[PDB]
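K.L.:
Pasting an experimental structure, sequence included:
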4 protein chains.
Amino acid sequence: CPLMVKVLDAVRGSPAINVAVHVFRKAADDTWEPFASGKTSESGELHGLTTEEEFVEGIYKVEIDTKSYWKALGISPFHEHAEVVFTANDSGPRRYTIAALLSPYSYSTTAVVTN
Amino acid sequence: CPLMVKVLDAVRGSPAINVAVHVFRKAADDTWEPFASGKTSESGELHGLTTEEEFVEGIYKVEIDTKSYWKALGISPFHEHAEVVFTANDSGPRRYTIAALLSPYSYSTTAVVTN
Amino acid sequence: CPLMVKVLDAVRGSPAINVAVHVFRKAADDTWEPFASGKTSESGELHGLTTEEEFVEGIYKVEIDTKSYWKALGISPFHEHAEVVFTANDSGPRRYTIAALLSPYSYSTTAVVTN
Amino acid sequence: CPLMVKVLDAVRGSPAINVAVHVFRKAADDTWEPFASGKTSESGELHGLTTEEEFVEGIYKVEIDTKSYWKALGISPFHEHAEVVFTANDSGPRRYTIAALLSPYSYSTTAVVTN
Ligand SMILES: COc1cc(CO)ccc1Oc1ccc([N+](=O)O)cc1[N+](=O)O
Ligand SMILES: COc1cc(CO)ccc1Oc1ccc([N+](=O)O)cc1[N+](=O)O
């Protein structure tokens, strides 16, 4: 699993379940091409987006559909979505965790890059 | 001043100065068109992006060029930029402050919206 | 104004108003003695806590009464308060802004320190 | 494991290893009595602080020794430590994760309370 997404809810103090997540790769013409997607699990985690073979160096975007999350909870949010854009680079045997902590008008995201 | 951007540096404990910010507005054809741009001042704030006349309802994207920021300081950061996307003025004119706090592998953004 | 405190509410996207703040300074006998207190204003800011004469070197603790804040709004939050502890003025006088962003199960705090 | 601590480093994008963590329980005389302690592992996690039998309702403080962490990395930090203070309450079969994300002049903490 070279790429995992983990989302927490700062209002409820819980994993953010069933949040849709879309990952894109930047193509040679500078467009974003769909790469991988899924819905966070009960643990707020999304595993199995990609494989080491397909996850080559390049620029990726991870879009977390925060607006739908909040709306399903009856809560008015600010952002359309949260976007995390980064370059994946093969300097070493790397796993990338993209973590996000959500509030209705604020979010933070952090990258945990290990081995 | 219906739209202001404020950026702080969590490593230095200081305003993040000379950060480039580009704003875009989703067009009729579903494309991101350029709307305004600027750079943060010595206080980390960016004022004068737009006017209340110009700042009509729409979906806006505020792209904060954090990578250029960290690179100019000898740090190779994780993200390309921080993107903040939101619907604005959908219940009449409001004043928006988009704040961001930056670390090399992590950022948070919050919106303060006043009437 | 060598010490200012600013608090925002990540659920509302607004300044966090009427937040009580107590400041303490570690004494010669290793005890937390009362130093100053106040409440955030309509802009979420707390000014006038101390003076440059009074604000000598020391270890200070800024206790932000987030539980009282959230309770007055029908929310049962996780934390009792947010505590910010730091050495101040150890290389001469500085001006400190202690900022905090609050959600019911989460908070962040940052310091901006200027000369 | 009713109480687990997880610490991340926002500057390096990694777990924060070998951070000392001290947990206290508030006694009837309002003093903090040592309760449990340890050092975060290679995964930035600290498991096995306590047991369900000993972790009764009450007010606890978790102190994360952030200053020593940063100093061991050659980095000048702002806070003496990060403190997280909360009431543990038996409304349900609960596991408490106290997470913290560290930067030299900023930290965030979140509580993830599950089952
Ligand atoms: C405050 O702790 C977190 C802060 C952020 C800000 O974006 C994101 C996640 C946080 O909590 C975790 C982050 C990463 C993580 N991980 O899989 O290495 C685990 C986290 N956690 O507290 O369970
Ligand atoms: C973590 O507290 C803050 C977070 C952000 C971005 O998520 C922006 C400001 C925060 O607190 C402040 C810190 C400094 C400051 N200032 O004027 O030097 C103002 C702040 N604030 O509360 O807007």
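P.N.:
Structure's in. What do you need? Numbering: from 1, shown residues only, chains lettered A, B, ... in the order given. Ligands and ions are numbered 1, 2, ... in the order given.

K.L.:
where does the residue of chain A positioned farthest from its centre fall, helix, sheet strand or coil?
P.N.:
The centre of chain A is farthest from one residue, residue A:29, which by C-alpha atoms, centre = their mean lies 23.2 Å away. Following DSSP: H, G, I helix; E, B strand; the rest coil, residue A:29 is assigned to coil.

K.L.:
any idea how far the nearest residue to residue A:52 once chain neighbours are set aside is from chain C?
P.N.:
Closest residue to residue A:52 apart from its sequence neighbours, by C-beta to C-beta, 6 or more residues apart in numbering or on different chains: residue A:2 at 5.2 Å. C-betas here are computed from N, CA, C, even on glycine. In this structure, residue A:2 and chain C are 28 Å apart, going by C-beta to the nearest C-beta, to the nearest Å.

K.L.:
From residue D:45, how far off is residue A:2?
P.N.:
The gap separating residue A:2 from residue D:45 is 21 Å, by C-beta to C-beta, to the nearest Å.

K.L.:
Can you give me the end-to-end span of stretch A:90-108?
P.N.:
When the termini of stretch A:90-108 are compared using C-alpha to C-alpha, to the nearest Å, they are 25 Å apart.

K.L.:
and it, which residues are buried?
P.N.:
Of all the residues in stretch A:90-108, those buried under the rule 16 or more other C-beta atoms under 10 Å in any protein chain shown are A:96-108.

K.L.:
next one: stretch A:16-30
P.N.:
A:16, A:17, A:19, A:20, A:21, A:22, A:23, A:24, A:25, A:26.

K.L.:
Could you dump the residues you listed into a markdown table and include secondary structure and distance to chain C?
P.N.:
Below are the buried residues of stretch A:16-30 laid out as a markdown table (DSSP: H, G, I helix; E, B strand; the rest coil; distance: C-beta to the nearest C-beta, whole Å):
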| residue | secondary structure | distance to chain C |
| --- | --- | --- |
| A:16 | coil | 12 |
| A:17 | coil | 15 |
| A:19 | coil | 16 |
| A:20 | strand | 22 |
| A:21 | strand | 20 |
| A:22 | strand | 24 |
| A:23 | strand | 25 |
| A:24 | strand | 27 |
| A:25 | strand | 31 |
| A:26 | strand | 30 |
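
K.L.:
farthest pair in the residues you listed?
P.N.:
Farthest pair in those (C-beta to C-beta) is A:17 and A:26. Separation: 29.3 Å.

K.L.:
Within range of chain C, give me the residues from chain A.
P.N.:
Residues of chain A found near chain C (C-beta under 8 Å from any C-beta of the partner chain) are A:8-14, A:78, A:101, A:103-106, A:108.

K.L.:
Also within reach of ligand 1: list those from those residues.
P.N.:
Counting by C-beta under 6 Å from any ligand atom, A:8, A:101, A:108 from these sit close to ligand 1.

K.L.:
In space, what's closest to the first one - neighbours in sequence excluded?
P.N.:
The shortest distance from residue A:8 to any residue that is not its chain neighbour, by C-beta to C-beta, 6+ apart, is 4.8 Å, and that residue is residue A:101.

K.L.:
Number of residues surrounding residue A:75?
P.N.:
If you count neighbours by other C-beta atoms under 10 Å in any protein chain shown, residue A:75 ends up with 13.

K.L.:
shouldn't it be in contact with residue A:10?
P.N.:
No: with contact defined as C-beta atoms under 8 Å, residue A:75 does not count as touching residue A:10 (11.7 Å).

K.L.:
Enumerate the residues of chain A near chain B.
P.N.:
Counting by C-beta under 8 Å from any C-beta, the residues of chain A lying close to chain B are A:59, A:78-81, A:83-87, A:101, A:103, A:105-113.

K.L.:
tell me the SS of the closest residue to residue A:107 other than its chain neighbours?
P.N.:
Nearest residue to residue A:107, sequence neighbours excluded (C-beta to C-beta, 6+ apart): residue A:82, at 5.0 Å. Three-state call for residue A:82 (three-state DSSP): strand.

K.L.:
Between the two ends of stretch A:5-15, what distance do you get?
P.N.:
Per C-alpha to C-alpha, stretch A:5-15 runs 12 Å from first to last residue.

K.L.:
Residues touching that stretch, excluding its own?
P.N.:
A:16, A:19, A:21, A:40-46, A:49, A:62, A:64, A:69, A:75, A:97-104, A:106, C:10-11, C:78, C:103-106, D:99, D:110-114 (C-beta atoms under 8 Å, 6 or more residues apart in numbering or on different chains).

K.L.:
Do a quick rundown of the strands in chain A.
P.N.:
Listed in chain order, the strands of chain A (DSSP state E) span A:3-9, A:14-15, A:20-26, A:32-39, A:45-46, A:58-64, A:79-88, A:95-103, A:106-114.

K.L.:
Which of the ones you listed sits closest to ligand 2?
P.N.:
For the strands of chain A, proximity to ligand 2 was assessed by C-beta to the nearest ligand atom; strand A:106-114 is nearest, at 6.1 Å.

K.L.:
which helices and strands sit right next to that closest one?
P.N.:
Secondary-structure packing of strand A:106-114 (3 or more C-beta pairs under 8 Å, 6 or more residues apart in numbering or on different chains; DSSP states H and E): strand A:79-88, strand A:95-103, strand B:106-114, strand D:14-15.

K.L.:
Out of those, which gets nearest to residue C:91?
P.N.:
That would be strand B:106-114 among the helices and strands packed on strand A:106-114, by C-beta to C-beta, at 27.6 Å.

K.L.:
hmm, who's touching that closest one?
P.N.:
Strand B:106-114 is contacted by residues A:78-79, A:101, A:103, A:105-111, B:10, B:66, B:78-79, B:82, B:84, B:86, B:94-101, C:8, C:10, C:13-15, C:101, C:108, D:8, D:10, D:13, D:101, D:103, D:108 when judged by C-beta under 8 Å, 6+ apart.

K.L.:
so it versus strand B:79-88, what angle?
P.N.:
20 degrees (axes from the mean of the first three to the mean of the last three C-alpha atoms, to 10 degrees).

K.L.:
Could you see whether ligand 2 lies near strand B:106-114?
P.N.:
Yes: using C-beta under 6 Å from any ligand atom, strand B:106-114 reaches ligand 2 at B:108, B:109, B:110.

K.L.:
For the last one, which residues count as its bridge partners?
P.N.:
Note on residue B:110: beta-bridge partners residue A:106, residue B:99, judged by DSSP bridges.

K.L.:
measure it to ligand 1 for me?
P.N.:
Remark: distance between residue B:110 and ligand 1 (C-beta to the nearest ligand atom, to the nearest Å) = 12 Å.

K.L.:
Residue A:50 contacts residue A:25, correct?
P.N.:
No: using C-beta under 8 Å, residue A:50 is not in contact with residue A:25, being 9.7 Å away.

K.L.:
which residues are common contacts for those two?
P.N.:
Common contact partners of residue A:50 and residue A:25 (C-beta under 8 Å, 6+ apart): residue A:35.

K.L.:
ok, back up a step: just send the helices and strands packed on strand A:106-114 back as JSON lines, with distance to residue D:35 too.
P.N.:
Output for the helices and strands packed on strand A:106-114, formatted as JSON lines (distance: least, C-beta to C-beta, whole Å):
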{"stretch": "strand A:79-88", "distance to residue D:35": "36"}
{"stretch": "strand A:95-103", "distance to residue D:35": "26"}
{"stretch": "strand B:106-114", "distance to residue D:35": "30"}
{"stretch": "strand D:14-15", "distance to residue D:35": "23"}
